[PDB]
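In the form deposited in one PDB entry, a lone chain appears below as structure tokens.
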């Protein structure tokens, strides 16, 4: 029931101070690294993009892990869609700081990532910060702070052009946040992160995700007063915690390894579109609202369909990305939990 769910939310608050303190340590290192990348020629125009769960106020665990995005203003970008992926692109240009990374027409993510890593390792050595390494094109590089906090740093090109055609039917917020807001948001830049699908880049809208979370009501004053305290953020925190707790019960074989907080977040945005009124997220209806989120996530698993919220034809749950057996496995676990009032949350 809602009492059990409220107890979960109270438990998550116990970790708030550890996360904030660690976030401050990350900021100290990031600020130091950023001011020295301004010295390196290739990345002089780098800037901090304050995206990610901490800045969305929904980081509820893992105080030793942070995702940080650096942006790099890149004038005059023309994109070329890679195959028919809708989310992956080659970067071209209509001097140029990134001129040294061009192979013919195409901007090489491999060459640019290589310099980025090398330049960061050079600046890092010049206090108790070093560079770890993991799997994936983005994050580009990883810092280890005080031999304790791991910061995944993503480099993202910033394009101040209009969003790609593949986003034309995405961001379906008109009945919730308004058509006015949708137009305003689409005048904002978009980002490209280096990401294998080759020298491909993937669209990123983490800045818009943060805006939609921190200004999330139909009412402009949602969550600015006691009469309009909704449970949207609480529901996202509970969905994230549900997935984290289920993953913890398979640390051995990591059967749920393919599922991520980003899947949860994407599904949550879809539920906001489906339930656009603030009265559909009343604080007193926490249990029902959480049920709405869990049942939609279940539907995504069973139908093997979870559309990227900005790029509808990019299906995060296609069997190409996540095998059917893994989705059926998570379906069985979540179904059991839901039908039993979430014993995973029992104390």
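Residue numbers count along the first chain shown, from 1.
This next part talks about the form solved in complex with a small molecule, which is not shown.
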As a check of understanding, the residue in 258, 92, 111, 229 with any heavy atom within 4.5 Å of the small molecule in the deposited bound form should be identified as 258
The one option of 301, 311, 293, 33 with any heavy atom within 4.5 Å of the small molecule in the deposited bound form is 311
Which of 24-32, 312-320, 274-282, 39-47 lies within 4.5 Å of the small molecule in the deposited bound form, heavy atoms considered? The stretch 312-320
**Asked** Applying a 4.5 Å heavy atom distance criterion, does residue 116 contact the small molecule in the deposited bound form?
**Response** no
Taking heavy atoms and a 4.5 Å cut-off, does residue 237 contact the small molecule in the deposited bound form? no
Residue contact check: residue 87 to the small molecule in the deposited bound form, 4.5 Å heavy atom | yes
(message) Quick check on residue 203: any heavy atom within 4.5 Å of the small molecule in the deposited bound form?
(response) yes
